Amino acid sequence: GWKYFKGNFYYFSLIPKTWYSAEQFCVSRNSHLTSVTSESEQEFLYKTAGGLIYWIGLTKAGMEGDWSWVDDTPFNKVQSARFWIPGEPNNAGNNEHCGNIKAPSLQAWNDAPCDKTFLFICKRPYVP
């Protein structure tokens, strides 16, 4: 079921999970919840998501509560500003510490509670 895009395979889940249970599922398949580091990757993901919400590898880290990628890609605040839905991250209820892809637009990301269940997207490097 994995889809190939620019040197990576992607798994769009059929079953919803909390953010961490999803990450654990990805890790069990030698992958991680997906990072997003280019407009073309953002586009590939939101087009494939077809208007549905999917957990991605976005999650808060450090005392500052800075966003980070679970796959350890450094998070680039400047280059990522364009990828959030206007108004997000809005940290609703002081309890939105993980990130999903929501809107079918380059401006797609939202922060939501880690314990909410959504479909999720794993990313796995292809190694020739």
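The numbering used is simple: start at 1 and walk along the sequence shown.
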Mean Cα B-factor check, 89-97 vs 52-60, entry values; winner is 89-97
Higher mean Cα B-factor in the deposited model: 101-109 or 15-23?
-> 101-109
Within this chain, which third does the Cα B-factor at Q79 fall in: lowest, middle or highest?
-> highest
Can you work out whether the C-alpha temperature factor of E43 puts it in the lowest, middle or highest third of the chain?
-> highest
Comparing against every modelled residue in the chain, figure out the third that the C-alpha B-factor of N30 lands in (lowest, middle or highest).
-> highest
